[PDB]
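Below is the file start-v9.tsv, which contains TSV, N, CA and C atoms.
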```tsv
chain	number	residue	atom	x	y	z
A	1	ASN	N	137.00	18.86	131.74
A	1	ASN	CA	136.95	18.14	130.47
A	1	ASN	C	137.57	18.96	129.35
A	2	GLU	N	137.23	20.25	129.29
A	2	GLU	CA	137.77	21.11	128.25
A	2	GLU	C	139.28	21.22	128.38
A	3	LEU	N	139.79	21.35	129.61
A	3	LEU	CA	141.23	21.44	129.82
A	3	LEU	C	141.93	20.17	129.37
A	4	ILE	N	141.38	19.01	129.72
A	4	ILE	CA	142.02	17.75	129.32
A	4	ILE	C	142.05	17.62	127.80
A	5	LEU	N	140.91	17.88	127.16
A	5	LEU	CA	140.84	17.74	125.71
A	5	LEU	C	141.78	18.72	125.01
A	6	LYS	N	141.81	19.97	125.46
A	6	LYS	CA	142.71	20.95	124.86
A	6	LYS	C	144.16	20.58	125.10
A	7	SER	N	144.48	20.08	126.30
A	7	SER	CA	145.85	19.68	126.59
A	7	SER	C	146.31	18.60	125.62
A	8	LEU	N	145.46	17.59	125.40
A	8	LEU	CA	145.81	16.56	124.43
A	8	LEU	C	145.93	17.13	123.02
A	9	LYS	N	145.01	18.02	122.64
A	9	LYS	CA	144.97	18.51	121.26
A	9	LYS	C	146.21	19.32	120.92
A	10	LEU	N	146.64	20.22	121.81
A	10	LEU	CA	147.91	20.90	121.55
A	10	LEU	C	149.13	20.06	121.89
A	11	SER	N	148.98	18.99	122.67
A	11	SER	CA	150.08	18.04	122.79
A	11	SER	C	150.36	17.35	121.47
A	12	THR	N	149.32	17.19	120.65
A	12	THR	CA	149.53	16.61	119.32
A	12	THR	C	150.40	17.50	118.44
A	13	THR	N	150.58	18.77	118.79
A	13	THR	CA	151.29	19.71	117.92
A	13	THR	C	152.23	20.65	118.66
A	14	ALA	N	152.50	20.43	119.95
A	14	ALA	CA	153.40	21.32	120.66
A	14	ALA	C	154.86	21.00	120.32
A	15	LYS	N	155.73	21.98	120.58
A	15	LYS	CA	157.16	21.76	120.38
A	15	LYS	C	157.71	20.74	121.37
A	16	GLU	N	157.28	20.82	122.63
A	16	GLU	CA	157.65	19.86	123.67
A	16	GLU	C	156.37	19.36	124.33
A	17	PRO	N	155.75	18.31	123.79
A	17	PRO	CA	154.44	17.88	124.31
A	17	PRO	C	154.48	17.37	125.74
A	18	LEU	N	155.65	17.05	126.28
A	18	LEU	CA	155.71	16.46	127.62
A	18	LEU	C	155.17	17.41	128.68
A	19	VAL	N	155.21	18.72	128.43
A	19	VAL	CA	154.74	19.68	129.43
A	19	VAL	C	153.25	19.49	129.70
A	20	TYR	N	152.46	19.32	128.64
A	20	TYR	CA	151.03	19.10	128.82
A	20	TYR	C	150.76	17.82	129.59
A	21	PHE	N	151.55	16.78	129.34
A	21	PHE	CA	151.39	15.54	130.10
A	21	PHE	C	151.80	15.73	131.56
A	22	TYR	N	152.80	16.57	131.82
A	22	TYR	CA	153.11	16.93	133.20
A	22	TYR	C	151.92	17.61	133.86
A	23	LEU	N	151.26	18.51	133.13
A	23	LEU	CA	150.08	19.19	133.66
A	23	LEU	C	148.98	18.19	133.99
A	24	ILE	N	148.73	17.24	133.08
A	24	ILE	CA	147.68	16.26	133.31
A	24	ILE	C	148.04	15.36	134.49
A	25	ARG	N	149.32	15.01	134.63
A	25	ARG	CA	149.76	14.21	135.76
A	25	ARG	C	149.52	14.94	137.07
A	26	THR	N	149.87	16.23	137.11
A	26	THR	CA	149.62	17.02	138.32
A	26	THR	C	148.13	17.10	138.62
A	27	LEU	N	147.31	17.29	137.58
A	27	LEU	CA	145.87	17.37	137.78
A	27	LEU	C	145.32	16.07	138.37
A	28	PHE	N	145.73	14.93	137.82
A	28	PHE	CA	145.26	13.65	138.35
A	28	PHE	C	145.76	13.42	139.77
A	29	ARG	N	147.00	13.82	140.06
A	29	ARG	CA	147.54	13.63	141.40
A	29	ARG	C	146.78	14.46	142.43
A	30	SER	N	146.42	15.69	142.08
A	30	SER	CA	145.84	16.61	143.05
A	30	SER	C	144.32	16.65	143.04
A	31	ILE	N	143.66	15.77	142.29
A	31	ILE	CA	142.21	15.82	142.17
A	31	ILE	C	141.58	14.81	143.12
A	32	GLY	N	140.40	15.15	143.62
A	32	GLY	CA	139.63	14.26	144.47
A	32	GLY	C	138.22	14.76	144.73
A	33	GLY	N	137.23	13.92	144.50
A	33	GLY	CA	135.84	14.29	144.65
A	33	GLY	C	134.95	13.33	143.87
A	34	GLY	N	133.65	13.37	144.19
A	34	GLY	CA	132.74	12.39	143.62
A	34	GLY	C	132.32	12.69	142.19
A	35	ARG	N	132.29	13.97	141.82
A	35	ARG	CA	131.76	14.34	140.50
A	35	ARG	C	132.83	14.22	139.42
A	36	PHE	N	134.10	14.29	139.80
A	36	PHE	CA	135.17	14.33	138.80
A	36	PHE	C	135.32	13.01	138.06
A	37	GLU	N	135.13	11.88	138.74
A	37	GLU	CA	135.13	10.61	138.02
A	37	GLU	C	133.91	10.50	137.11
A	38	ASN	N	132.78	11.08	137.53
A	38	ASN	CA	131.61	11.13	136.66
A	38	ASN	C	131.90	11.93	135.40
A	39	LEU	N	132.71	12.98	135.53
A	39	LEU	CA	133.09	13.77	134.35
A	39	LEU	C	134.14	13.05	133.50
A	40	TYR	N	135.03	12.28	134.12
A	40	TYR	CA	136.04	11.54	133.37
A	40	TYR	C	135.49	10.29	132.69
A	41	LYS	N	134.31	9.82	133.11
A	41	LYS	CA	133.78	8.58	132.54
A	41	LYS	C	133.59	8.69	131.03
A	42	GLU	N	133.07	9.83	130.56
A	42	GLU	CA	132.81	9.98	129.13
A	42	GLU	C	134.08	9.99	128.30
A	43	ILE	N	135.14	10.64	128.78
A	43	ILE	CA	136.36	10.82	128.00
A	43	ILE	C	137.43	9.80	128.34
A	44	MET	N	137.12	8.82	129.19
A	44	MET	CA	138.06	7.74	129.47
A	44	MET	C	138.62	7.04	128.23
A	45	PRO	N	137.81	6.59	127.26
A	45	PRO	CA	138.39	5.81	126.15
A	45	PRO	C	139.40	6.57	125.32
A	46	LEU	N	139.16	7.85	125.03
A	46	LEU	CA	140.08	8.61	124.21
A	46	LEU	C	141.43	8.77	124.91
A	47	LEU	N	141.40	9.15	126.19
A	47	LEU	CA	142.64	9.28	126.94
A	47	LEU	C	143.37	7.95	127.01
A	48	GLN	N	142.64	6.86	127.27
A	48	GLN	CA	143.28	5.56	127.38
A	48	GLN	C	143.96	5.15	126.08
A	49	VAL	N	143.25	5.31	124.95
A	49	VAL	CA	143.82	4.88	123.68
A	49	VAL	C	144.99	5.77	123.28
A	50	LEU	N	144.91	7.07	123.57
A	50	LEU	CA	146.02	7.95	123.23
A	50	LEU	C	147.25	7.62	124.05
A	51	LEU	N	147.09	7.39	125.35
A	51	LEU	CA	148.22	6.98	126.17
A	51	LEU	C	148.78	5.65	125.70
A	52	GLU	N	147.92	4.71	125.31
A	52	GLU	CA	148.40	3.44	124.78
A	52	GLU	C	149.25	3.64	123.54
A	53	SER	N	148.76	4.44	122.59
A	53	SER	CA	149.49	4.65	121.35
A	53	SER	C	150.84	5.32	121.60
A	54	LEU	N	150.85	6.37	122.42
A	54	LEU	CA	152.11	7.06	122.69
A	54	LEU	C	153.08	6.17	123.46
A	55	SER	N	152.58	5.38	124.42
A	55	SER	CA	153.46	4.51	125.18
A	55	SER	C	154.06	3.42	124.30
A	56	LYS	N	153.28	2.87	123.38
A	56	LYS	CA	153.80	1.77	122.56
A	56	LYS	C	154.72	2.30	121.46
A	57	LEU	N	154.41	3.47	120.90
A	57	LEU	CA	155.21	4.04	119.82
A	57	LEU	C	156.23	5.06	120.30
A	58	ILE	N	156.78	4.89	121.49
A	58	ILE	CA	157.88	5.72	121.97
A	58	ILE	C	159.13	4.87	122.08
A	59	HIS	N	160.28	5.45	121.75
A	59	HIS	CA	161.55	4.74	121.73
A	59	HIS	C	162.56	5.34	122.70
A	60	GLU	N	162.08	5.95	123.79
A	60	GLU	CA	162.94	6.58	124.79
A	60	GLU	C	163.83	7.65	124.14
A	61	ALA	N	163.17	8.69	123.63
A	61	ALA	CA	163.86	9.72	122.86
A	61	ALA	C	164.99	10.35	123.67
A	62	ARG	N	164.65	10.97	124.80
A	62	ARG	CA	165.66	11.58	125.66
A	62	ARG	C	166.09	10.63	126.78
A	63	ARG	N	165.13	10.11	127.53
A	63	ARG	CA	165.31	9.17	128.63
A	63	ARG	C	164.03	8.36	128.71
A	64	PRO	N	163.92	7.36	129.60
A	64	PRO	CA	162.62	6.68	129.75
A	64	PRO	C	161.59	7.51	130.49
A	65	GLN	N	161.87	8.80	130.70
A	65	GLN	CA	160.97	9.62	131.51
A	65	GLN	C	159.62	9.81	130.82
A	66	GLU	N	159.58	9.88	129.49
A	66	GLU	CA	158.29	10.02	128.81
A	66	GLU	C	157.45	8.76	128.97
A	67	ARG	N	158.08	7.58	128.86
A	67	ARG	CA	157.34	6.35	129.09
A	67	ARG	C	156.87	6.26	130.54
A	68	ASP	N	157.70	6.70	131.48
A	68	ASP	CA	157.30	6.72	132.88
A	68	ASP	C	156.09	7.63	133.08
A	69	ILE	N	156.10	8.81	132.46
A	69	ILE	CA	154.96	9.71	132.56
A	69	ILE	C	153.71	9.07	131.96
A	70	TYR	N	153.85	8.44	130.79
A	70	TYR	CA	152.69	7.84	130.15
A	70	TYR	C	152.09	6.74	131.01
A	71	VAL	N	152.92	5.86	131.57
A	71	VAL	CA	152.39	4.78	132.39
A	71	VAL	C	151.80	5.32	133.68
A	72	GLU	N	152.40	6.37	134.24
A	72	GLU	CA	151.85	6.96	135.46
A	72	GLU	C	150.48	7.57	135.21
A	73	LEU	N	150.32	8.27	134.08
A	73	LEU	CA	148.99	8.75	133.71
A	73	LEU	C	148.02	7.61	133.49
A	74	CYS	N	148.48	6.53	132.84
A	74	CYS	CA	147.58	5.43	132.55
A	74	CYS	C	147.06	4.78	133.83
A	75	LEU	N	147.93	4.56	134.81
A	75	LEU	CA	147.54	3.87	136.03
A	75	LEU	C	147.08	4.79	137.15
A	76	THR	N	147.18	6.11	136.99
A	76	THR	CA	146.78	7.05	138.02
A	76	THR	C	145.43	7.69	137.71
A	77	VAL	N	144.60	7.01	136.92
A	77	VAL	CA	143.29	7.57	136.57
A	77	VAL	C	142.42	7.63	137.83
A	78	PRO	N	141.81	8.77	138.14
A	78	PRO	CA	141.10	8.90	139.43
A	78	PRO	C	139.79	8.14	139.50
A	79	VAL	N	139.27	7.63	138.38
A	79	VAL	CA	137.95	7.01	138.39
A	79	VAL	C	137.99	5.73	139.22
A	80	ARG	N	136.85	5.38	139.81
A	80	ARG	CA	136.75	4.18	140.62
A	80	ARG	C	136.86	2.94	139.73
A	81	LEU	N	137.11	1.80	140.37
A	81	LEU	CA	137.35	0.57	139.63
A	81	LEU	C	136.09	0.07	138.94
A	82	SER	N	134.91	0.36	139.49
A	82	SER	CA	133.67	-0.14	138.90
A	82	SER	C	133.48	0.39	137.49
A	83	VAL	N	133.72	1.68	137.28
A	83	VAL	CA	133.64	2.25	135.94
A	83	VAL	C	134.81	1.76	135.09
A	84	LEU	N	135.96	1.50	135.72
A	84	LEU	CA	137.17	1.14	135.01
A	84	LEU	C	137.24	-0.35	134.67
A	85	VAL	N	136.23	-1.14	135.04
A	85	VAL	CA	136.22	-2.55	134.67
A	85	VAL	C	136.36	-2.75	133.16
A	86	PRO	N	135.62	-2.05	132.30
A	86	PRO	CA	135.94	-2.09	130.87
A	86	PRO	C	137.20	-1.30	130.57
A	87	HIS	N	137.72	-1.50	129.36
A	87	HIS	CA	138.95	-0.88	128.87
A	87	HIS	C	140.18	-1.32	129.66
A	88	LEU	N	140.08	-2.40	130.44
A	88	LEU	CA	141.22	-2.87	131.22
A	88	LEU	C	142.34	-3.38	130.32
A	89	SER	N	142.02	-3.80	129.10
A	89	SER	CA	143.06	-4.23	128.17
A	89	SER	C	144.04	-3.10	127.87
A	90	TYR	N	143.56	-1.86	127.85
A	90	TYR	CA	144.46	-0.72	127.70
A	90	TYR	C	145.36	-0.56	128.91
A	91	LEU	N	144.87	-0.93	130.10
A	91	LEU	CA	145.68	-0.83	131.31
A	91	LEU	C	146.71	-1.94	131.42
A	92	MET	N	146.43	-3.11	130.84
A	92	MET	CA	147.30	-4.26	131.06
A	92	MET	C	148.69	-4.06	130.49
A	93	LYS	N	148.79	-3.47	129.30
A	93	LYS	CA	150.10	-3.31	128.67
A	93	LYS	C	151.06	-2.43	129.46
A	94	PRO	N	150.67	-1.24	129.95
A	94	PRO	CA	151.62	-0.44	130.75
A	94	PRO	C	151.92	-1.04	132.12
A	95	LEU	N	151.20	-2.08	132.54
A	95	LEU	CA	151.44	-2.65	133.86
A	95	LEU	C	152.85	-3.23	133.97
A	96	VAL	N	153.31	-3.93	132.93
A	96	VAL	CA	154.65	-4.50	132.97
A	96	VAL	C	155.70	-3.40	132.96
A	97	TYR	N	155.48	-2.34	132.18
A	97	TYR	CA	156.41	-1.22	132.18
A	97	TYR	C	156.50	-0.58	133.56
A	98	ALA	N	155.36	-0.39	134.22
A	98	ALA	CA	155.37	0.17	135.57
A	98	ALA	C	156.09	-0.76	136.54
A	99	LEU	N	155.84	-2.06	136.44
A	99	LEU	CA	156.48	-3.01	137.34
A	99	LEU	C	157.98	-3.13	137.08
A	100	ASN	N	158.44	-2.73	135.90
A	100	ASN	CA	159.86	-2.77	135.56
A	100	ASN	C	160.54	-1.42	135.73
A	101	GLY	N	159.86	-0.44	136.30
A	101	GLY	CA	160.36	0.92	136.42
A	101	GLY	C	160.98	1.21	137.77
A	102	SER	N	160.90	2.48	138.17
A	102	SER	CA	161.50	2.93	139.42
A	102	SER	C	160.60	2.57	140.60
A	103	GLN	N	160.98	3.06	141.78
A	103	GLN	CA	160.29	2.68	143.01
A	103	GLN	C	158.84	3.14	143.01
A	104	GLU	N	158.60	4.41	142.67
A	104	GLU	CA	157.24	4.94	142.70
A	104	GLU	C	156.35	4.26	141.67
A	105	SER	N	156.87	4.04	140.46
A	105	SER	CA	156.10	3.35	139.44
A	105	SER	C	155.79	1.92	139.86
A	106	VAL	N	156.76	1.24	140.49
A	106	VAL	CA	156.53	-0.11	140.99
A	106	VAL	C	155.43	-0.11	142.03
A	107	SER	N	155.46	0.85	142.96
A	107	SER	CA	154.43	0.92	143.99
A	107	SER	C	153.06	1.16	143.38
A	108	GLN	N	152.98	2.06	142.39
A	108	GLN	CA	151.70	2.33	141.74
A	108	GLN	C	151.18	1.09	141.03
A	109	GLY	N	152.05	0.38	140.30
A	109	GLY	CA	151.62	-0.83	139.62
A	109	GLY	C	151.16	-1.90	140.58
A	110	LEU	N	151.88	-2.07	141.70
A	110	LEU	CA	151.47	-3.06	142.69
A	110	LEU	C	150.13	-2.69	143.32
A	111	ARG	N	149.91	-1.41	143.59
A	111	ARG	CA	148.62	-0.99	144.13
A	111	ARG	C	147.49	-1.28	143.14
A	112	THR	N	147.72	-0.99	141.86
A	112	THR	CA	146.70	-1.28	140.85
A	112	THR	C	146.42	-2.77	140.76
A	113	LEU	N	147.48	-3.59	140.78
A	113	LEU	CA	147.29	-5.04	140.71
A	113	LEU	C	146.52	-5.55	141.92
A	114	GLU	N	146.84	-5.04	143.11
A	114	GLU	CA	146.13	-5.46	144.32
A	114	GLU	C	144.67	-5.06	144.25
A	115	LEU	N	144.38	-3.85	143.77
A	115	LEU	CA	142.99	-3.45	143.60
A	115	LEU	C	142.28	-4.31	142.57
A	116	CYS	N	143.02	-4.83	141.58
A	116	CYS	CA	142.39	-5.57	140.50
A	116	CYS	C	142.11	-7.03	140.86
A	117	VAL	N	143.04	-7.68	141.57
A	117	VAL	CA	142.95	-9.13	141.74
A	117	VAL	C	141.78	-9.51	142.64
A	118	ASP	N	141.54	-8.76	143.71
A	118	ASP	CA	140.54	-9.17	144.68
A	118	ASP	C	139.12	-8.83	144.22
A	119	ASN	N	138.94	-7.66	143.61
A	119	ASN	CA	137.59	-7.24	143.24
A	119	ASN	C	137.05	-8.04	142.05
A	120	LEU	N	137.87	-8.23	141.03
A	120	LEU	CA	137.42	-8.88	139.81
A	120	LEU	C	137.35	-10.39	139.98
A	121	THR	N	136.34	-11.00	139.36
A	121	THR	CA	136.20	-12.44	139.40
A	121	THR	C	137.27	-13.12	138.56
A	122	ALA	N	137.47	-14.41	138.81
A	122	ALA	CA	138.54	-15.15	138.15
A	122	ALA	C	138.28	-15.30	136.66
A	123	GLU	N	137.07	-15.74	136.29
A	123	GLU	CA	136.80	-16.03	134.89
A	123	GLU	C	136.79	-14.77	134.03
A	124	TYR	N	136.42	-13.62	134.61
A	124	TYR	CA	136.47	-12.38	133.86
A	124	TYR	C	137.90	-11.86	133.72
A	125	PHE	N	138.68	-11.92	134.80
A	125	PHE	CA	140.00	-11.30	134.82
A	125	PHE	C	141.04	-12.14	134.07
A	126	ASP	N	140.92	-13.46	134.13
A	126	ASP	CA	141.98	-14.32	133.60
A	126	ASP	C	142.27	-14.10	132.12
A	127	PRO	N	141.28	-14.06	131.22
A	127	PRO	CA	141.61	-13.79	129.81
A	127	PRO	C	142.26	-12.44	129.59
A	128	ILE	N	141.90	-11.43	130.38
A	128	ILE	CA	142.45	-10.10	130.20
A	128	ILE	C	143.95	-10.08	130.51
A	129	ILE	N	144.35	-10.74	131.61
A	129	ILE	CA	145.76	-10.79	131.99
A	129	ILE	C	146.54	-11.82	131.19
A	130	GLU	N	145.85	-12.71	130.47
A	130	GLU	CA	146.54	-13.79	129.76
A	130	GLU	C	147.59	-13.31	128.76
A	131	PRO	N	147.36	-12.28	127.93
A	131	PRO	CA	148.40	-11.90	126.96
A	131	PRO	C	149.72	-11.47	127.59
A	132	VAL	N	149.70	-10.95	128.82
A	132	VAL	CA	150.91	-10.41	129.43
A	132	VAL	C	151.20	-11.09	130.77
A	133	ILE	N	150.60	-12.25	131.02
A	133	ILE	CA	150.76	-12.89	132.32
A	133	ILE	C	152.20	-13.33	132.56
A	134	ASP	N	152.90	-13.77	131.51
A	134	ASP	CA	154.26	-14.26	131.69
A	134	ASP	C	155.20	-13.13	132.13
A	135	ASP	N	155.16	-12.00	131.42
A	135	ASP	CA	156.02	-10.88	131.77
A	135	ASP	C	155.64	-10.30	133.13
A	136	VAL	N	154.34	-10.21	133.42
A	136	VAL	CA	153.90	-9.69	134.71
A	136	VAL	C	154.41	-10.57	135.84
A	137	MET	N	154.30	-11.89	135.68
A	137	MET	CA	154.77	-12.80	136.72
A	137	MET	C	156.28	-12.77	136.85
A	138	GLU	N	157.01	-12.64	135.74
A	138	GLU	CA	158.46	-12.53	135.82
A	138	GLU	C	158.87	-11.26	136.57
A	139	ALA	N	158.23	-10.14	136.25
A	139	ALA	CA	158.54	-8.89	136.94
A	139	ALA	C	158.20	-8.98	138.42
A	140	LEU	N	157.07	-9.62	138.75
A	140	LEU	CA	156.71	-9.81	140.15
A	140	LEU	C	157.74	-10.67	140.87
```

Can the structure from this file be put into structure tokens for me?
Amino acid sequence: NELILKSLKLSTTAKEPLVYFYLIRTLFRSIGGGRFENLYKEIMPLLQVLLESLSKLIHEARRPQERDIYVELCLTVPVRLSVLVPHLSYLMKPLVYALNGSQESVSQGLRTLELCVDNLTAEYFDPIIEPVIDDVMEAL
């Protein structure tokens, strides 16, 4: 938790903030265990909202690689789906970006969508996907 919070805090003021996001991406990729999602549960909203803000307010400065990193962090959260049922609105926006990206991002987005459609009930999930259903279906 301390590492994640510090990484974000100096990412707010680093000369090249992408390095800290690379570190967080590596951490999420290489992490696995029962207690770590329990530790991420408390700090989920801050990370989600920060990734949302950076993803929406980026204009592809150097390449789309920063947006790719942001969406990969957003959809590669190690927590189980049961805890992740709330805050799904933060996940919905990067879904279209992932589905419109490269091969790995497309695969990650498709895996997230498959995990989402079957577990969640229709009446709960439908309003959440409604704002971006047209673009999601076009990309699909």

Neighbour list for residue 36 in chain A as a PDB file with N, CA and C atoms, in the frame of the given file, cut-off 8 Å, only N, CA and C atoms, skip fewer than 3 positions in-chain:
```
ATOM      1  N   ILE A  31     143.660  15.770 142.290  1.00  0.00           N
ATOM      2  CA  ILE A  31     142.210  15.820 142.170  1.00  0.00           C
ATOM      3  C   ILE A  31     141.580  14.810 143.120  1.00  0.00           C
ATOM      4  N   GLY A  32     140.400  15.150 143.620  1.00  0.00           N
ATOM      5  CA  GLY A  32     139.630  14.260 144.470  1.00  0.00           C
ATOM      6  C   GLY A  32     138.220  14.760 144.730  1.00  0.00           C
ATOM      7  N   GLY A  33     137.230  13.920 144.500  1.00  0.00           N
ATOM      8  CA  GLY A  33     135.840  14.290 144.650  1.00  0.00           C
ATOM      9  C   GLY A  33     134.950  13.330 143.870  1.00  0.00           C
ATOM     10  N   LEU A  39     132.710  12.980 135.530  1.00  0.00           N
ATOM     11  CA  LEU A  39     133.090  13.770 134.350  1.00  0.00           C
ATOM     12  C   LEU A  39     134.140  13.050 133.500  1.00  0.00           C
ATOM     13  N   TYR A  40     135.030  12.280 134.120  1.00  0.00           N
ATOM     14  CA  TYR A  40     136.040  11.540 133.370  1.00  0.00           C
ATOM     15  C   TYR A  40     135.490  10.290 132.690  1.00  0.00           C
ATOM     16  N   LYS A  41     134.310   9.820 133.110  1.00  0.00           N
ATOM     17  CA  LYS A  41     133.780   8.580 132.540  1.00  0.00           C
ATOM     18  C   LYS A  41     133.590   8.690 131.030  1.00  0.00           C
ATOM     19  N   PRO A  78     141.810   8.770 138.140  1.00  0.00           N
ATOM     20  CA  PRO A  78     141.100   8.900 139.430  1.00  0.00           C
ATOM     21  C   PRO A  78     139.790   8.140 139.500  1.00  0.00           C
ATOM     22  N   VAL A  79     139.270   7.630 138.380  1.00  0.00           N
ATOM     23  CA  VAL A  79     137.950   7.010 138.390  1.00  0.00           C
ATOM     24  C   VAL A  79     137.990   5.730 139.220  1.00  0.00           C
ATOM     25  N   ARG A  80     136.850   5.380 139.810  1.00  0.00           N
ATOM     26  CA  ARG A  80     136.750   4.180 140.620  1.00  0.00           C
ATOM     27  C   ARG A  80     136.860   2.940 139.730  1.00  0.00           C
TER      28      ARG A  80
END
```

**Residue nearest residue 91 in chain A - candidates A:48, A:13, A:55, A:26, atoms counted: only N, CA and C atoms** = A:48

**Item:** Proximity to residue 75 in chain A - best of A:95, A:132, A:137, A:46, all atoms listed in the file
**Value:**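 Among A:95, A:132, A:137, A:46, it is A:95 that comes nearest to residue 75 in chain A.
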
**Request:** List the neighbours of residue 98 in chain A out to 6 Å using all atoms listed in the file; skip same-chain residues closer than 5 positions along the sequence, and give me the result as an MDAnalysis selection string.
**Result:** chainID A and resid 105:106 109

**Request:** Check the DSSP output for the backbone and give back, as a ChimeraX atom specification, the residues of chain A in alpha helix (DSSP H).
**Result:** /A:2-11,18-30,34-56,65-75,81-84,88-99,103-119,122-129,133-139

**Message:** Which residue is closest to residue 74 in chain A? Choose from A:9, A:25, A:59, A:111 and count only C-alpha atoms.
**Reply:** A:25

**Request:** Mind giving me the straight-line distance from CA of residue 27 in chain A to atom N of residue 117 in chain A in Å, one decimal?
**Result:** 25.5 Å

**Message:** From the options A:99, A:20, A:104, A:3, which residue's atoms come nearest to residue 139 in chain A, counting all atoms listed in the file?
**Reply:**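 Using all atoms listed in the file, residue 139 in chain A sits closest to A:99.
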
**Request:** Using only N, CA and C atoms, find all polymer residues with an atom at most 5 Å away from the point (145.7, 12.1, 135.3); report them as a PyMOL selection string.
**Result:** chain A and resi 24-25+28+73

**Prompt:** With only C-alpha atoms as the atoms that count, which of A:58, A:136, A:19, A:83 lies nearest to residue 42 in chain A?
**Reply:** A:83

**Request:** Work out how far apart atom N of residue 4 in chain A and atom C of residue 47 in chain A are and give it in Å to one decimal.
**Result:**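 Separation of atom N of residue 4 in chain A and atom C of residue 47 in chain A: 11.6 Å.
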
**atom C of residue 68 in chain A to CA of residue 5 in chain A, distance in Å rounded to a single decimal** =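 According to the coordinates, atom C of residue 68 in chain A and CA of residue 5 in chain A are separated by 19.7 Å.
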
**Asked** Using only N, CA and C atoms, which of the listed residues (A:76, A:103, A:11, A:89) sits closest to residue 128 in chain A?
**Response**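 Comparing A:76, A:103, A:11, A:89 against residue 128 in chain A, the winner is A:89.
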